[PDB]
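Colleague: Below are the structure tokens for one structure; questions will follow.
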Amino acid sequence: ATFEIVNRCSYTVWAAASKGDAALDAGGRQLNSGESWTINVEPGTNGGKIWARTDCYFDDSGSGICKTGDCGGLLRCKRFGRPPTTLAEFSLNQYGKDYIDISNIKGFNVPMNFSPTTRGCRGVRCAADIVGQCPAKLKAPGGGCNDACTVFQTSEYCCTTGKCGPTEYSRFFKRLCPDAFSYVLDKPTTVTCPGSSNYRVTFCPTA
């Protein structure tokens, strides 16, 4: 499948694409304002994630630091990135269907639109100013808005026992962004697409 990743933000982002144990395609790339980066993702990929990193510095060998979304200091990510990270999550060719979603379960840093470029399903969007509105105890100094589980490490926030309810903190992400997961047992906002669809991930779709 083909993913076009577009940076519409006015600032530079360092996109990243990973399935947890390996990179998807090159795994990472600088995107200046307006730049598009298209990648091939192998069919059948389960649990692929795309996200943006902000305020990065890398050297010639591709080692550095990012203030949000860092993946162990590498430009080409092969593990997932450190929160806060708005997440585009996808599993492809699962019994003939594609499943996509946007997640705030690991926090928010960049607003995002996740849409198919082929026919037969809707896209999802989380474009609200969650960083501007972030509750005081969730603001990450590096920028962005942490999820409650990252901040507090309790069983209720992390849903470690498998039973948890919504929280004051999750209800905040849900009220600004209904189409995104706010906690792990949230009512699914997964969208089902025809198998082998193609997609575009757009950072800062509104402004």
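We number each residue from 1, going along the chain as drawn.
If you check the header, you will see the structure was determined by X-ray crystallography, 2.7 Å.
For all residues, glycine too, the Cβ spot is worked out from N, Cα and C.
In case it's useful when we look at the structure, here is the feature table from Swiss-Prot:
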- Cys9-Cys204: disulfide bond (DISULFID)
- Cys56-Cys66: disulfide bond (DISULFID)
- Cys71-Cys77: disulfide bond (DISULFID)
- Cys121-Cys193: disulfide bond (DISULFID)
- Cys126-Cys177: disulfide bond (DISULFID)
- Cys134-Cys145: disulfide bond (DISULFID)
- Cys149-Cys158: disulfide bond (DISULFID)
- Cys159-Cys164: disulfide bond (DISULFID)
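Locate each feature and note its surroundings.
Modeller: Under 8 Å, Cβ to Cβ, and six or more positions away along its own chain, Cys9 (disulfide bond) finds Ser33, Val110, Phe203, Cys204.
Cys56 (disulfide bond) carries a strand DSSP state (E or B). In sequence order, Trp14, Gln30, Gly64, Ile65, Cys66, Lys67, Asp70, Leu75 make up the list of same-chain residues 6 or more apart from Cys56 (disulfide bond) whose Cβ falls under 8 Å from its Cβ.
Taken residue by residue with DSSP, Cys71 (disulfide bond) is part of neither helix nor strand, so it is coil. Of all the Cβ atoms in the protein chains shown, 23 others lie within 10 Å of the Cβ of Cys71 (disulfide bond).
Secondary structure at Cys121 (disulfide bond), taken from DSSP and collapsed to helix, strand or coil, is coil.
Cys177 (disulfide bond) has a Cβ environment of 24 other Cβ atoms inside 10 Å. When secondary structure is read from DSSP and collapsed to three states, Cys177 (disulfide bond) falls in the coil class.
Long-range Cβ contacts of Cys145 (disulfide bond) within its own chain (separation 6+, distance under 8 Å): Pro84, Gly107, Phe108, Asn109, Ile130, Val131, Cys134, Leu138, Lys139.
Around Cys149 (disulfide bond), the same-chain residues at least 6 positions away in sequence with a Cβ under 8 Å from its Cβ are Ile105, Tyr157, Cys158, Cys159.
Cβ neighbours within 10 Å of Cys164 (disulfide bond), excluding its own Cβ and spanning all shown chains: 18.
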Colleague: If H, G and I count as helix, E and B as strand, and all else as coil, what does DSSP give for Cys9 (disulfide bond)?
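Modeller: Coil, per DSSP.
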Colleague: Using a 10 Å cut-off on Cβ-Cβ distances across all protein chains shown, tell me which of the disulfide-bonded residues (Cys66, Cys134, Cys158) has the largest neighbour count.
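Modeller: Counting every other Cβ within 10 Å of each candidate, the maximum falls on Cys66.
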Colleague: Here's one to test understanding: among the disulfide-bonded residues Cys71, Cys77, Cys121, whose C-alpha is closest in space to the C-alpha of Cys177 (disulfide bond)?
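Modeller: Minimum Cα distance from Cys177 (disulfide bond) across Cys71, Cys77, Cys121 lands on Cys121.
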Colleague: Over all shown protein chains, what is the count of other CB atoms within 10 A of the CB belonging to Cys77 (disulfide bond)?
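Modeller: Around the Cβ of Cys77 (disulfide bond), 28 other Cβ atoms lie within 10 Å.
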